[PDB]
Structures are given as structure tokens and as C-alpha cells.
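Engineer: Below you'll find the structure I mean.
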Amino acid sequence: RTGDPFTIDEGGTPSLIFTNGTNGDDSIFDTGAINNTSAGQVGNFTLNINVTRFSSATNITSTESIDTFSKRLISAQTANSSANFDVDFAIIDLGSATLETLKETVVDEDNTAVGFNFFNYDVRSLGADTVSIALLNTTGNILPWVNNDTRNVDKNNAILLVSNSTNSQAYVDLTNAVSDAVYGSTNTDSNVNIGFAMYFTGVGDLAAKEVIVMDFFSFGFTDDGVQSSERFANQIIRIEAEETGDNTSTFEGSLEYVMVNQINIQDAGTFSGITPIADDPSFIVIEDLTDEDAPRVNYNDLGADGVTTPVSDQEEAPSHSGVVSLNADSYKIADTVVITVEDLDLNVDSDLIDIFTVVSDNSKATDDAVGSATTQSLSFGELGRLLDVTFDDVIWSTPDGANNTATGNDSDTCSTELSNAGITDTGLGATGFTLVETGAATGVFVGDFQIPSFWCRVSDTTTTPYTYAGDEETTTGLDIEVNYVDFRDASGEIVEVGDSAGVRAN
Amino acid sequence: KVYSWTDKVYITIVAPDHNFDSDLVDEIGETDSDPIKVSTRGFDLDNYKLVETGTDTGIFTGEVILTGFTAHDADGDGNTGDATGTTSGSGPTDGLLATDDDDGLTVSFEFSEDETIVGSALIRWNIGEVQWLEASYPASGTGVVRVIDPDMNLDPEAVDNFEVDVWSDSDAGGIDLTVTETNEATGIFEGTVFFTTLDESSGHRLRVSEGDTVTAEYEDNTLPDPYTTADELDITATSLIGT
Amino acid sequence: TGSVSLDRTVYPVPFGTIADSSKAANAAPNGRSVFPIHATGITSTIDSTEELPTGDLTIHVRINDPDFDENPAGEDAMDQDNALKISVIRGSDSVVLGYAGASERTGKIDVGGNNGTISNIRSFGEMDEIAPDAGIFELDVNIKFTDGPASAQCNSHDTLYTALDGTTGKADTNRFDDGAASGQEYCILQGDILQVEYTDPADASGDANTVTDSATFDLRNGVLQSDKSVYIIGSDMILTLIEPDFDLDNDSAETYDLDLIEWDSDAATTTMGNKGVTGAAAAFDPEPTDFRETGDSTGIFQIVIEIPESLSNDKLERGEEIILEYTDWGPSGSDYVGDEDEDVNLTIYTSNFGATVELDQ
């Protein structure tokens, strides 16, 4: 576990009931859709129940228990498997939990610099064909549940999370509408009660015990993200270790973590890419984790003396100070120049080679630099910039866009001025320069390109697109520099490092 | 041999005959058969508990915290209740006992029926002692002054702070120096002042000049006989600033 | 028998932003608890972009009690309800910030350590083992600038209070169990005392015991210095700031805005940050973007500055006088951060190696 996930026990021991019946024509389960709109996600929850031929004519009620560390709702029933028996819904009351309890994990996603919400559920034990999950907000009782027709007090009772999915175990990205719905309520958070509702298809029987898992994950930073108190990562990870032999009591698993950089932090792909439940899980590290904050795995245990005593292990996850170097101290025209970056934190996958590419988008401040088109303006600089190359302390960029109309001394613009000289290496983006990891998990990145005879200077860097000069200039007698920005140094903070060399002529 | 109010007492009873079990830490004083009582004039703790150092050592120890009386101003800042007057606890270490300005303490132990052993001590206030660390200072240096008054140890398990007044010839208004305890039960206090020559005296900065004597004074609200509970003697120390 | 130990012996006095005071807008602190940037960068009244973000002290408390190490190869917690107390005392008067040991509860600060019902008071929550086999437990607690005995010195603060309880309010009653006296405010001054007491429910003798550690709040004046006096134009200079006021957290390296420093010369007068004259920020090329500590607990900040060619389209001369000015809001003189100021200066030169002209014949 890291940070504060919102597990199914966040409000104490839940309450669960199963039921047979049909969705109302106004139910979010029949009318909603997952299309990032309030029309689709936000609704109310109404149902008609027929448990009159059920045993003792009551909805199936359960005995609940919660694991100390694995956080798994185990519900004990009377096992029924008859052709008559069937259930359709499950309603959970999450104990004391309210929107105050939920809001300490789920973030706004509109008033946060970088924020993403994720929902993790496992209901494989029910043997359903389709499942639908909705979060329930109300000022009344989750149990007993009431339709809108009887209680005309609330505008909306349900928030749709998953709709008619065929996966009983999934790790999904919530839309903006879900985060917009949680913060949208005008009522104070303490009075509003929260709970889960589920819809099933093909649950024909119940065993003596069944398990349910439901969590909310959150990732991002607030403001600059420079101060440690301003970075957050809330997640829980479960290891499904495998027995080594038949009669060997040894169980084997693995862990791996991805350290966040300035590029992947902006993409929801990196956070949805981890596998939270597996024999080989992965988890996110937002900053250096050592000493008391080192990641630790906990295993609750029944000892030979009969008392339950957990066992645990931790391992630190340091960050590394990156260095960038240039292979030679002097270059000549049309010499191969090779750039290497030794930052171990940039290796995000052990199986695949890790690659970083140059940005070509005239509407973004990270143009002709190694990084991401997605970007933001922050205190330390530009968040989508990882590496760039400069002549005479000026970005080496192609003359393209709307601000390249300057002709200089003559009536020829700098872009056509370069073309007449046969130069195709107009900037770093046009050489095909990429940073390529030497091995699958080496942590060393190498790129190369060839020095051009002419280049076009940037007049003003404060405008997007950049404004280019009207006349080409020789590269001879100018210094060349490479700049690398480490999002995480040995301390977990943002610093820039560089190397320089001289272009010469004879 | 002599204590102060709100001071911490440790008791060691060496009574080998009460080592009943060789593998158990033995307790004395908690029973009608074997009572102990720690008392001052006015207040007492009865059936107090003392415990063995190790299982077969036969040495018993405990500690009590004196508390003084709630109706006083040791600070002299004009709101009373500097030292809460409380009496409670029946453990080896969690004893609280009230006290007077001039008083006596005794510990009684009935090891066998119709025999007792006693240990006694005195409780007296004390005068204050104030001095600068160095006789002469530079015009731009920093000042530290040491004050020694065991009566100002209001909490023996915590570090205590009180305000000394600091002024110079240039500015008679001066400043209020907050001195702090070096250790939780040592009763020695120290504080730090900046010397400015070209600015107003504020907080711990003191406007001074060449050959200007500086003065720090401590008002002793806790003074023993011949003085009374109401007498307020001022102890002060001086140093010259010569470059 | 347990032991308890505090993070540090001496602590900086914390400060706040302008958002905490209800006082009318001004170009100076005007007796508020703020740490403004240098005056040359301030635009009319002080606004959110012209002071350092809110400075909240973070302390760490460790209890070394092996008796809570039930699991010798597994996580544990100090589960003894309200066994740790954190309090701020000034002379006789005391203020108790909260308890630790019990499940966390919304509560208020206690005034005088006197309140009848302990359920009314803030609980920090159960502590956690630093390592599975360590037997040492740690707590992280955040101390704001409003937490201490009421005093007359802080009446200048038109303080709006952070509501510790569930409610949203800026009154002293929302954060403290007792309202402050008229003409007084709750605050921390220089020379105040921070203590933690641990009530060990089982000591070496098998009974209850109380162990304690203490520390003091203090403010110090800054020292500003450089690697060498004379610099060639376009060279890199190392700039060092010794402000112990700024080591709010020992565990992390704290970052501070570069606008605090003043650059004044014949060329231009500027703050060397985002608030300087147009194009001044790019003219210095700071690495990193602003001040950073040289370790977790040093109180020493370093920045690398390139000597500009032309600040404001005016080029620097040889031997030109350059003054670096830092305003230490919270010197030794001040009682709280705000209040008095002291200016610390550094002088540096562009090099002056004369030129010569030679001809062959």
C-alpha cells in the first residue's frame, strides 16, 4: 500500500444484501452510458424486487468480514444452487463513510494541476457474464434502499462507473464526469451517505463464501509539485504468489515499480498501465522512498503458537542523479555528434527498450525538443521538456509556423534561404534524433545526429510559435550544448544539467 | 539533602528481606500489611508503590513529582497558577505531591508490623544568579546571558522558558530576553541577543554604542527567608561594549 | 522503559501568507505574519505572487519502546490511546496541540492543557514502525504560525484561523477550545518551548512512567556570500544563502523563490526571478530555477548564476559595482516573522584587466 487508497472497508465493516428483480425505466443502469457526460454518468437508482418465493421471503443477507492487509470483503451465506434460485443486484452500505471520507482520495481533476482517478474491482467469485457498478450518494439510508418515486428529496442518487462490462476483474480509468459529479453536490459532505450498487447477469448460484474488492486510486501533483507535501499517489497492490512445487510450501512472486518523470506524469496511460492484482504486480513511485517510507509488503500470518502475527519486508526505492555528456570536446561541420544520458530513473520497463522522441507541434512551447506535445507552464520551467540542443545558447529549431515571414537583408525568408543551400537538417526535429536505451533495462540512452553548415536563429522565444530571423547563419565558431532536465535527482527534486562543445572550421 | 518545589524525587529502599520470589520483580508499599507513605506538611500519598530494580537484586525504587501551590506568580507576569497544586498517583513513578514555599518531605516504610523507617529532606526557595558569559563584547557581536534559579524548574521532565529584561544606556526601554532551560531538570537558563548600533532595539536586538554598559535583570518571585512570599528582589548583571 | 526524542533542538518560527490576515491590502507586511519578496519586485499592494508560500513547520517524533514490538519480523503501531502529548508553552501559560496513540479524530487545540473531555481534543493518530524489526515508531505533525499561548504582541495579526473541526470558519473558537482575550491573539513567538511527553504504560518496573523531550523556537539573521569577488562576464557564479529560518522540514530539501535576492547596478535594478525586468530571468539562466538546500538538514541554499551581458538592453562595463541585497523578514531582532527587517548585502565586480593595442611596424 502507498498513500491513502479508498478500500471497501474505509467506513468500517460494510453491509451487503443480494436481490432478484428488474431495473426501472428511469434507472441509471438502463438509461446511462459511459460517454463523459452528466447525461450518461449521473442519474438515480430505482428497482423493483420479487423475493417473495425466496427462503423466508427476505433478500439474501450476509455476514461480513475484512482482511487486515488484503482488504477483501468476504460474505458468508447459505449456499443455494437450485434452478429456481437466482439473484440480480448487490447493494453495499460502506459503514460510516460519507463524501468527506471519499473526497480525501478522489481529486477534483479540474482544479488540480495533474490528477487522475482510477477504479479497481474484482467480482470474479460471482461467475457473472456482465457487471455494472454505480456509486450511490444520498442524504437518506443506503439500506433500506428507496426509489425516487417514494422519496422525492434528491435530484440524483447514482453515479455510473462501469456499464455492462464483460470483465469480472478490471482496472479502469474513470471519466472527468465522475470527478465532476463527486464535487458538484451543493449539500455539505457530512450529511451525504455513500455506497455501492451492482447489476449482474448470469449469477445462477451462491457459494457459502464469496469475495468482492473495490478501490479508488488517485495519482498526480498540485500547484508546481515542487514541495513533497504537494505530490500524492494512492494505491493498493496485491501479490497472488504461486507455489514452487507440489509439496513445497514456498510461494513465489515479483514486484516492479515505475518512477515518474516529467513526460509520463502528464499521460493517464502510465497510471492505467500498471497491473494492481497479479503474480507480478507493478506500482507507481511519485518520489524517492527510503527509511520509514520505503515500500513494504505485509503478510498476515497464523503462527505455530496459535496467535496471528504479521510478517513484513521493505526495500528502498531511491532516485538517481542524471548526467548528460557529449562524446567530443570539438566538432567540425558534418561530424557525427553522439549524446548519452545516464539516468537510471528513465527505465520504466525491464522487458522493452525505452525510447524518447522529439516534438513537432507549432502550437506548443515544447517545439523541436525531446519531450511531449502535452505540456504546462510551471515555476521550474516547461513540464513537457526533457532534452534539447542549442547553438550559441539558442534553441536549434526549424523555421516553420506563422512567425517565419522575416526576409532579413534580401527578400528571401530564412526557410527558403536554407532550402537553396540543400540543407535538410533544418532543426533537431528534422534529423530524426531519438533517445534509445542501449539495453532492455540498462538505464543508458544514446542519440546521434550530424552538424549542419547553416542554421536559422530564433529572434524571440517568448511567443508561440517562435519568431525566426530573416537570414541563415553558419554554425562555425558557435558552441553547441545539450540540456537535460532531471525531474527526480538524488533528492527527488527538479534540476537541469548540461554539456558543451565547440564547432570549428579550418 | 535539600530539594526545591516542583522538583523530582527518586527514592531507593534497600530492603533485601522483601525479595520474596527470585524470578519476580517484588513490590512494597501497596498493602495495609506493608504500607508506605510520602508526605509533606499538609498533603500525603498513602499506599504508594515501589518496585524492585531487577528480579533478585532486592533494591526497590520510585519517583514522585512535587507540584507546589496554585496561588503564586513565580513569573511575576500577574496571572496566577504557575505551578498547579495536584496530588494523585499510586504507581512507582507517577506520584504527584503538593508543596508549600518553605516545607519538609518525609518517606515512611513499615517493613514489619510496629517498626518503621523514615527518610527526610527540606524544601526551600533559592535566590537567582545572573551573569554574562563574557566581560566585554564587540559593538556588532551577539550576547548570551546565563541565569541560575532552581526554583524556576516548573516542570522537571520538560524544558522551561521565562522572560528576562534587557536594556542599555542608549535605550532604557530595551527588550524582554526569553531564556530557556539547557536540560529538563537542570534549572539553568540561557538566551541570545543581537547587537545593533544603527537600528531600533526590537525582539532580541539591542541598540547600543561604544563604551555603553548593557543591563539584564531577573525579578526573583521565589525567594526564601529572611524575605517573605511577597518580596520581589531584582538580580541583575552588566557588561561593557568596548571596541 | 520507553524513550521519546524530538527531531531537532532548535526550530525556526513559522510564518503565513496574506490570505491568513483580514487586514486591508498593503505594500509592506504592516505587522502581519508574512515573508514578502524584495520591494523592487512588489507591484502596489502585496498579492499572492509577491510572498513565499505558507511556511508551516513539520516536526518528527520518535518513541523507542521495544514493548510495542510484539511482531519481531512484522509491522507494529503504538496503539496505547493518548500516550503522547504535544504542547507549546510560553512561561506559565501552555497550549496542547494534540494527542497520538488513538484512532484519528476531528478536535480542537486545548488551552492550558485543562479540558475535561479528551474526546474534544485533536488526535494525530496511531504511529507506525520505521522498519519491521526496528522497534522504533515515528509521527509527522504540522505546526502552523497560529499555535501557541495568546499574547498582546500578535494583536497586529488580523488572524483568520484554520478550522480544525469539521466546520468551515476563521474564528479562534473553530481551532481552539477557548476564545482568546480581547486585544490578544494565539501565536508563536521567538523563545517559545515545544515539548512531547510519552506515558509508557509499562516501564522497567512494570508500571506507568512519563518521559519527555523539549526544544525551542528561534530566529536568526542570514549570511549571503559568493565563491569569489571578481567574475568574468558570462561565467557561472555560485551564490550561497545561510538562512536557518528556512529549514522547516529536516527530511526534505526546501525550495525558495529566487525573487528574494536584489540585483542593482548601473545597467538595471531587478529581482533576478520571474518578477524582474523583462528578459532578466533568461539573462541569468539559473540552475536550478531557484534556491535549493545542499542536503536534508543543512539550512544552506545554493544557486548557479551566469553573469549577464545586457540586463535591460544596457550592457555591463568592466569593474562595475554590483550589490546583492536580501531582506531577512524575521531577523534576530524580530519576535515573529513579519515585524522588523534586516538587509544583508554582497558586493561583486566584473573583472578589470586593462587592454593594449600593438602594431607590427
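Readers should treat all values here as calculations from the given coordinates under stated rules, not as data from a laboratory. Positions of Cβ are generated from backbone atoms using ideal geometry, with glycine treated the same way; all protein chains shown enter the neighbour counts.
Engineer: Of the residues A:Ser179, A:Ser229, which is within 14 Å of chain C (Cβ to nearest Cβ) and within 30 Å of C:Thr58 (Cβ to Cβ)?
Structural biologist: On inspection, the qualifying residue turns out to be A:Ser229.
Engineer: Residues of the stretch B:18-42 being aliphatic (A, V, I, L, M) and either under 15 Å from C:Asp207 (Cβ atoms) or over 29 Å from the mean Cα position of the chain (by Cα) (or both), which ones?
Structural biologist: B:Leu24, B:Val25, B:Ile28, B:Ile36
Engineer: Could you list, in sequence order, the residues of the stretch B:193-223 that are polar (S, T, N, Q), out of contact with any helix residue (DSSP H, G or I) (no Cβ under 9 Å at 6 or more places or on another chain) and touching a residue at least 60 places away in the same chain (Cβ under 8 Å)?
Structural biologist: Within the stretch B:193-223, B:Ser209 is the sole residue that qualifies.
Engineer: Can you work out which of the residues in the stretch C:305-340 that are β-branched (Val, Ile, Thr) and surrounded by 15 or more Cβ atoms within 10 Å (Cβ to Cβ) is nearest to the other protein chains (Cβ to nearest Cβ)?
Structural biologist: C:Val337
Engineer: Now for a different question. Output yes when any residue across the stretch C:50-71 is away from every other protein chain (no Cβ under 14 Å) and under 30 Å from C:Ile323 (Cα atoms), and no when none is.
Structural biologist: Yes; the residues of the stretch C:50-71 include at least one that is away from every other protein chain (no Cβ under 14 Å) and under 30 Å from C:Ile323 (Cα atoms).
Engineer: Hey, another quick one. Which of the residues that make up the stretch A:186-226 are hydroxyl-bearing (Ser, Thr, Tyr), away from every other protein chain (no Cβ under 12 Å) and in contact with a strand residue (DSSP E or B) (Cβ under 7 Å, 6 or more places away or on another chain)?
Structural biologist: Matches in the stretch A:186-226: A:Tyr199, A:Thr201, A:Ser218.
Engineer: Would you confirm whether or not the stretch A:1-13 contains a residue that is in contact (Cβ under 8 Å) with a residue 60 or more places away in the chain, surrounded by 20 or more Cβ atoms within 10 Å (Cβ to Cβ), more than 30 Å from A:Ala294 (Cα to Cα) and not basic (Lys, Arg)?
Structural biologist: For the stretch A:1-13, residues in contact (Cβ under 8 Å) with a residue 60 or more places away in the chain, surrounded by 20 or more Cβ atoms within 10 Å (Cβ to Cβ), more than 30 Å from A:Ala294 (Cα to Cα) and not basic (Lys, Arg): absent.
Engineer: Additional query: Restricting to the stretch A:366-396, name every residue that is crowded, with 16+ Cβ neighbours inside 10 Å and in a loop (DSSP other than H, G, I, E, B).
Structural biologist: A:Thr366, A:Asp367, A:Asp368, A:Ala369, A:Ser372, A:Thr375, A:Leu378, A:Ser379, A:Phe380, A:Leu383, A:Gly384, A:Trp396
Engineer: For the stretch A:35-67, how many residues meet the condition of being surrounded by 13 or more Cβ atoms within 10 Å (Cβ to Cβ), hydrophobic (A, V, I, L, M, F, W, C) and farther than 14 Å from A:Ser163 by Cα?
Structural biologist: 6
Engineer: Taking the stated definitions as given, is C:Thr289 assigned to a strand (DSSP E or B) and either farther than 20 Å from C:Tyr231 by Cα or within 11 Å of chain A (Cβ to nearest Cβ) (or both)?
Structural biologist: Spelling it out, C:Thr289 is indeed assigned to a strand (DSSP E or B) and either farther than 20 Å from C:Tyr231 by Cα or within 11 Å of chain A (Cβ to nearest Cβ) (or both).
Engineer: Tell me the residue from A:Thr101, A:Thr58, A:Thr52, A:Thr68 that is of a type outside the set (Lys, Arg) and touching a strand residue (DSSP E or B) at 6+ places or on another chain (Cβ under 7 Å), please.
Structural biologist: Testing whether each residue is of a type outside the set (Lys, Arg) and touching a strand residue (DSSP E or B) at 6+ places or on another chain (Cβ under 7 Å) leaves just A:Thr101.
Engineer: List every residue pair whose Cβ atoms sit under 6 Å apart, with the two residues 6 or more apart in sequence or on different chains, where the first one lies in the stretch A:490-506 and is touching a residue at least 12 places away in the same chain (Cβ under 8 Å) and more than 10 Å from chain C (Cβ to nearest Cβ) and the second, anywhere, is part of a strand (DSSP E or B) and of a type in the set (S, T, N, Q).
Structural biologist: A:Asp499/A:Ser325; A:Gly502/A:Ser330; A:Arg504/A:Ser330
Engineer: Restricting to the stretch A:279-288, give me the number of residues that are within 14 Å of chain C (Cβ to nearest Cβ) and free of Cβ contacts under 8 Å to residues at least 60 places away in the same chain. Step through it out loud before you land on a result.
Structural biologist: Step one: of the stretch A:279-288, the residues within 14 Å of chain C (Cβ to nearest Cβ) are A:286-288.
Filter again for free of Cβ contacts under 8 Å to residues at least 60 places away in the same chain, leaving none.
Within the stretch A:279-288, residues that are within 14 Å of chain C (Cβ to nearest Cβ) and free of Cβ contacts under 8 Å to residues at least 60 places away in the same chain number 0.
Engineer: Determine which member of the set B:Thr243, B:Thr182 is exposed (fewer than 13 other Cβ atoms within 10 Å of the Cβ), within 30 Å of C:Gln195 (Cα to Cα) and of a type in the set (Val, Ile, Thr).
Structural biologist: Exactly one residue qualifies, and that residue is B:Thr182.
Engineer: Could you list, in sequence order, the residues of the stretch A:129-151 that are surrounded by 20 or more Cβ atoms within 10 Å (Cβ to Cβ) and not aromatic (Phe, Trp, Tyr)? Let's see the steps before the verdict.
Structural biologist: Taking the stretch A:129-151 as the starting set, the residues that turn out to be surrounded by 20 or more Cβ atoms within 10 Å (Cβ to Cβ) are A:131-138, A:142, A:145.
If the condition is that a residue be surrounded by 20 or more Cβ atoms within 10 Å (Cβ to Cβ) and not aromatic (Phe, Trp, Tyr), then A:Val131, A:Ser132, A:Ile133, A:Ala134, A:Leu135, A:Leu136, A:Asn137, A:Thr138, A:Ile142 are the ones that fit.
Engineer: Moving to a separate point now. Among the candidates C:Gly273, C:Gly333, C:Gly319, single out the residue that is in contact with a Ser or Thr (Cβ under 8 Å, 6 or more places away or on another chain) and within 24 Å of C:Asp245 (Cβ to Cβ).
Structural biologist: C:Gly333
Engineer: Listed residues C:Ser92, C:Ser151, C:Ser119; which is polar (S, T, N, Q), farther than 30 Å from A:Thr290 by Cβ, within 14 Å of chain B (Cβ to nearest Cβ) and touching a residue at least 12 places away in the same chain (Cβ under 8 Å)?
Structural biologist: On the way: C:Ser92 fails: touching a residue at least 12 places away in the same chain (Cβ under 8 Å); C:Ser119 fails: within 14 Å of chain B (Cβ to nearest Cβ).
Answer to the selection: C:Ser151.
Engineer: Looking at the stretch A:341-349, is at least one residue touching a strand residue (DSSP E or B) at 6+ places or on another chain (Cβ under 9 Å), part of a strand (DSSP E or B), within 30 Å of A:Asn234 (Cβ to Cβ) and not small (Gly, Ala, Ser)?
Structural biologist: Within the stretch A:341-349, not a single residue is touching a strand residue (DSSP E or B) at 6+ places or on another chain (Cβ under 9 Å), part of a strand (DSSP E or B), within 30 Å of A:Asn234 (Cβ to Cβ) and not small (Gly, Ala, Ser).
Engineer: Also, quick follow-up: Of the residues that make up the stretch A:350-357, is at least one surrounded by fewer than 19 Cβ atoms within 10 Å (Cβ to Cβ), within 23 Å of C:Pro286 (Cβ to Cβ) and touching a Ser or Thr at 6+ places or on another chain (Cβ under 6 Å)?
Structural biologist: No.
Engineer: Tell me yes or no: at least one residue of the stretch C:5-28 is polar (S, T, N, Q), touching a residue at least 40 places away in the same chain (Cβ under 8 Å), in a loop (DSSP other than H, G, I, E, B) and crowded, with 22+ Cβ neighbours inside 10 Å.
Structural biologist: No: the stretch C:5-28 contains no residue that is polar (S, T, N, Q), touching a residue at least 40 places away in the same chain (Cβ under 8 Å), in a loop (DSSP other than H, G, I, E, B) and crowded, with 22+ Cβ neighbours inside 10 Å.
Engineer: Additional query: If you check B:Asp151 against the conditions, is it loosely packed, with under 15 Cβ neighbours inside 10 Å and under 24 Å from B:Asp100 (Cα atoms)?
Structural biologist: no
Engineer: For the stretch C:122-136, what are the residues that are crowded, with 17+ Cβ neighbours inside 10 Å, not in a loop (DSSP other than H, G, I, E, B) and not polar (S, T, N, Q)?
Structural biologist: C:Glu129
Residue by residue, here is whether (1) among the β-branched types (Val, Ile, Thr); (2) more than 14 Å from chain B (Cβ to nearest Cβ) holds:
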{"position": "C:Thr162", "(1), (2)": "yes, yes"}
{"position": "C:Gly169", "(1), (2)": "no, yes"}
{"position": "C:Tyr186", "(1), (2)": "no, yes"}
{"position": "C:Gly191", "(1), (2)": "no, no"}
{"position": "C:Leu194", "(1), (2)": "no, no"}
{"position": "C:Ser214", "(1), (2)": "no, no"}
{"position": "C:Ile238", "(1), (2)": "yes, yes"}
{"position": "C:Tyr256", "(1), (2)": "no, yes"}
{"position": "C:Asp259", "(1), (2)": "no, yes"}
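Engineer: Need the failing condition index for A:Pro276 against (1) more than 13 Å from the chain's Cα centre (by Cα); (2) touching a residue at least 24 places away in the same chain (Cβ under 8 Å), just the number.
Structural biologist: Result: A:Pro276 fails condition (1) only.
Engineer: Residues that are over 18 Å from the mean Cα position of the chain (by Cα) and away from chain C (no Cβ under 11 Å), at least 3 per element: which strands (runs of 3 or more DSSP E) completely within the stretch B:127-243 meet that?
Structural biologist: It comes to B:161-168, B:212-220, B:233-241.
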